[PDB]
Every structure is written in C-alpha cells, then in structure tokens.
Amino acid sequence: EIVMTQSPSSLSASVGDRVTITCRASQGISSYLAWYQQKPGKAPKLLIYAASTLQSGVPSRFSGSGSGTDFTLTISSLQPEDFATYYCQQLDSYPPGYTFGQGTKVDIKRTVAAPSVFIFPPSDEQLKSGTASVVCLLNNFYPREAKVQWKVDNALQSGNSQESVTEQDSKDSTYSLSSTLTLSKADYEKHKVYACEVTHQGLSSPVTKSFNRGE
Amino acid sequence: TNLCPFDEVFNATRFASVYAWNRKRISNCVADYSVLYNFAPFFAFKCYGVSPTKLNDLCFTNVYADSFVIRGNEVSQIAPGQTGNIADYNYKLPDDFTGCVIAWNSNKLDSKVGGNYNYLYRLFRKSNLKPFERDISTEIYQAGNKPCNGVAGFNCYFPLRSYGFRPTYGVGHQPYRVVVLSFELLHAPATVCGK
Amino acid sequence: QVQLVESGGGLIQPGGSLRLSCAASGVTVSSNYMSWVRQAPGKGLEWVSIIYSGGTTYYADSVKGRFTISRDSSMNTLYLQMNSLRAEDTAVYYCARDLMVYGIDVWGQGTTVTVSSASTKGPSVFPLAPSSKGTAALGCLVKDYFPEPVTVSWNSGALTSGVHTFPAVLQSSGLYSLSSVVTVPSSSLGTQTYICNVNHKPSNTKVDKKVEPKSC
C-alpha cells in the first residue's frame, strides 16, 4: 500500500496569505495526484488533478506542483471562502486503495487568547446513579492546540477521559474544549482533590482548577 | 530454410502503443527459441498452457508476435483472466491462452527527460475488449446523457491518454516492452517447427 | 442537472445488512468509473469500491467479501450492498464519478450509516453548577443517549450569547455523551434562572433542567 503523508495537520492564515500544503507519497506515483477541498457537512470539491492541472471553475489562486513523491498545494492569496480542510489523493490504479492524505485544516489566524478554565464536580443526582462525571471547560482560546491533564490526588489520570472541541467560533475565531473524567461512584469516593491542569500558548504557566470532594 | 523473424520483433527500435498493439504473423519458418530463454533484464517470461522446454519439439500452424509498451505496474495484467484498464480496454488475452508473455524494463530506451508522450493508452471504453481485439478508435467518449458530437469537454472526453515516461520515474511507472507469443494449433497443418 | 443523490443509510446492528442507492442525473453510471467513498466521524476520506464502465469491480481490503458494488443501467443508479456490517463501518458514504487521471469531479451529498449494538435511550441531564468562588460558567451534562442527535437551548432560546454546545463523544458503553455550557456574569447567578432544554426526538424525550449554584 502507498502511504500519503500530508503536513501540516493544521495551519493558521490570515486573508491574503500565501498558503502551502505538502503531500508526500510512500513510493513514486509520478503525476497521479489530486487535491480536494472539504467544508464541515459538505462533500469534497475537486481542486487540482494530475498534480498540477486546475479543475474547471476553481479560482486561479489555487495551483498544484510537484511530481514523483513530493507535491504541494498553493493558495497564492487566501480568501475568506478558502478556510476549509484540504486532502491529497493518489488517483492511481496500482496499488489499489486510492489513498487520501491525513488532511490539513486551515483556520482563521488571530491573536493568542488564553482559555478560561472551569472544573465541575459530578452532580448529587448523578452520584445517586453510580457514576461520577467530572467536566473541565476551556472557554474561548486560540490557537486550537491545548493540553489538558487530569490529576486525582496528584495522580496523573490517563485513559478514563474524553475530549470534545467546538468549531472555530464565527465571531471571535476562538475554540472551546470540554474534557469529561468518568469514574465509578466507589472510585470517586476514594479520593479528595480533583483537578485539571491546562497548558496553552496564552498561559505563561500551566493553570490548574480544582475542587475537594464534599466541600 | 527460412528462419522465423524474431529479431525484428524483440530488437525493434520503436514499439507500438498498447491501444494499437502491433502483431507480426510468423509462419513457414524454422524457429529458434534458444535465443530467448535466459536474456539479461527479462523481468517476465511467464508461459501459459505450454512449457518452454517443449517448444522446440512442437510444430504450430501460426505463431503471432504481439508487441507494445505499458508501465511496470501494468505488466501483471498481460495474462489470462486479468482485469484492469490495460486488460479490459487495450490488450486482452483469452482465458485458455496458449503461449508465453515476455517483458523487460526499457527505461533507457522509451523515457525522455521531459516526458515521452508518444506512447498512449485507452482510458475510457463503453465495454470490455474481446480476446485479441484491437480498438484504434479515437471517438469522443460519451460519459453523460448529452451527445458529444466530437466536442471535447464535460462528460465528453478524449478516450486516449499519454504515459509521459520520464527516466526519473519509479520502477512501476517506467516503460516496459512486452512481447506476447501466441501458439495456434487449429484445423491446420503445422509449419512453425523448432530446431 | 448533474448530481448524485444517495439514500438507504440509517441505523443498523453489527452483523446486519444495508443497501445504499445513488441516483444519478446528467452522469450515466454505466459509462463512468463509479466509486464509493466513506468518511468516519472526524477522520479522512476512505475509498471503498469502484466499478468500471466495462464491469470490472474493485474493493478495499477492509470491505472485501462483505461489500458488493453494483448498478442498474435502466435506473441510472449505483448500489453498494453492505453485509456483515461492523462498528468501524459507521461513516457518511459518498458515491462519486471517477475520472481516473482527471480526478473525482462529481460527488453526492452523502448518506449516513451508523452501526452499533445500542438500544434507543433518552438522555440523563445533569447540572454543571457554577462554583462558589467576573464571569461564571454553568452548563448541562447530557449523558447516555442513543442514537444521534440531541438539541440543546437555554431559557427556551432567550439565552444564546456565550453558549457552547459541544459535539457528542461516543463512550465505550455505546451511548453518546454531550455537554452544553454558557458563561454569564457572576452578579446574575442569584437573580437569573438558567434552564437548559434538552430535546431527543428518537426517544420522545424533552427535559428542562434548572441549573443553580450549589448550596453547601
């Protein structure tokens, strides 16, 4: 199988910037490559075929280049309707598959914004059911990259938490993240200090919000 | 004592495109299969329905020499019971194919810096090719419901496409010269014997 | 009118069967390379199957022996018969017209397939109470429901500024979990009532949960 390595996973750009996305094939595929654009909830849109040929109807600011293993998609002057996710495809018969790249999300670049961190203990109503869900909120931050570390009596917890991120807000270009730490009621009553540690570019040092069970 | 013209087929300076593959009818001659057995870059020498060591002891009615050029990733299709763009739309071998297929890497001959766009292949066709069928038609393929009337555009595409062989390509995308030898023994007396 | 219209998707248990349809107009299915492409939630595009205009078919390794692509020329329709479905087959399925070297130009709107062993369940709504310690955050925990989706409003739609309703996560139990938060001035926690309105049509469940500051 051919492995299409696409980088970067995400990039931030302002309107008018020159954007460059790179696609690397595991083996030579000559010019058998295409570029696609996709927006949330929509079908993909063909931009470039045969590595460097512009599909009919696509604005001229888009251009593909490269042959063999290294390929690049280029948006010479980014426009507001170009903030999407882009994929490269090995549109070649052998070896079957027709693999796509991992994709590159192009979000709106703005000033760095640190998140507002809130921790929520499980409700008394839910503890009556037998499960404890602790939620950590990261409100209105930028960029998207953020690391959340749960600590239970200073013990770093991994494997029992899930995260969810909102799409880039249409008004302030910020993100918001939720992290849910799930325990059994018996395990939740075995510990006292519950905290989530948030590290972010807008924070000079990791911010920690905590509560004590039953206070 | 005429000798079968095998040199004209293998040592030909220019090969044909796969969609318009050339065929040399060979008959009434003495065949020497010892020149082929162990060559230098012979990447493929698969025989079907007949053994190579027994060809010198067999007489055939007519021996057909089909020659063309494809890429390395497409040589696997030149075989009985295969599917793909080459097998279905360019050169098809029957399921009961009796003969041998020979292929070798010709990157040093058929690849030019800038791309050898002389070799072509068929991309679109309404149906699959019958065994040993040669379709040289260049009519605008109709991919939609609106008639094309010979106007290249949307849902109306030219059925042929170039290979663009560059010497820096990968092995699978480099040109390979294929020679398919069909051994026919029908309602006929045999004249292509071995020696 | 050049378009591809998918149908046939829906919810189905693992091991079951499902048939997708792709009604074409403008593009003749029996004359093109027709492909099925799927996209799992949050993941990239995955090619599934293709059928040549001459009848040659091809399948991805993950779907061989289980999926079978077909077409009906008289209907101008592409089909994808999915047998022995698995959880990882949960994706939006696109049918598309492949032009090989010219790319994939025509895509359908996509039909959603969800493969899970879960029984339909309404959600439990738990309050995310504001802490006792200028702006405070409160919310609702919409936990354990199936299938998608749920809709959440605040104060019957009167409160919209500062609301973040996160996309749902699939838990190991097979049930979805979701949280919707809102940030308000701290001076309002004692004077303004905050109720989240949770609507889950598949279970005929509408729940209004009053979120109050916790009383020690």
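Easy rule for this one: first residue shown is 1, then count along the chain.
Per deposition record, X-ray crystallography, 3.0 Å.
In case you wondered, yes, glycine gets a Cβ from its N, Cα and C as well.
Quick look at what Swiss-Prot lists:
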{"type": "DISULFID", "residues": "B:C4-B:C29", "note": "disulfide bond"}
{"type": "CARBOHYD", "residues": "B:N11", "note": "N-linked glycosylation site"}
{"type": "DISULFID", "residues": "B:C47-B:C100", "note": "disulfide bond"}
{"type": "DISULFID", "residues": "B:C59-B:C193", "note": "disulfide bond"}
{"type": "REGION", "residues": "B:116-124", "note": "region 'Immunodominant HLA epitope recognized by the CD8+'"}
{"type": "DISULFID", "residues": "B:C148-B:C156", "note": "disulfide bond"}
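With respect to B:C4 (disulfide bond), the closest of these disulfide-bonded residues in Cα terms is B:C193, chosen from B:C100, B:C156, B:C193. B:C59 (disulfide bond) falls within neither a helix nor a strand when secondary structure is assigned with DSSP, and so counts as coil. Burial estimate for the disulfide-bonded residues (B:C59, B:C156): highest at B:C156, by number of other CB atoms within 10 Å. Close to B:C29 (disulfide bond), meaning Cα to Cα within 10 A, are the following recorded positions out of B:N11, B:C100, B:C148, B:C156, B:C193: B:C193. DSSP assigns B:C4 (disulfide bond) to coil in the three-state reduction, placing it in neither a helix nor a strand. Around B:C47 (disulfide bond), the C-beta neighbours below 8 angstroms that are at least 6 residues distant in the chain are B:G99, B:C100, B:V101.
Calculated from their C-alpha atoms, the gap between B:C193 (disulfide bond) and B:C148 (disulfide bond) amounts to 51 Å. Assigned with DSSP, the residues of the region 'Immunodominant HLA epitope recognized by the CD8+' (B:116-124) fall into helix, strand and coil as follows: 0 helix, 4 strand, 5 coil.
Listed in sequence order, B:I140, B:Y141, B:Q142, B:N155, B:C156 are the same-chain residues six or more apart from B:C148 (disulfide bond) with CB atoms under 8 A from its CB. In three-state terms derived from DSSP, B:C193 (disulfide bond) belongs to an extended strand segment. A distance of 24 Å separates the Cα atom of the residue listed as 'N-linked glycosylation site' from that of B:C59 (disulfide bond).
Of the disulfide-bonded residues B:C100, B:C193, B:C100 has the largest number of other Cβ atoms within 10 Å of its own Cβ. For B:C4 (disulfide bond), the number of other Cβ atoms no farther than 10 Å from its own Cβ, over all displayed protein chains, is 21.
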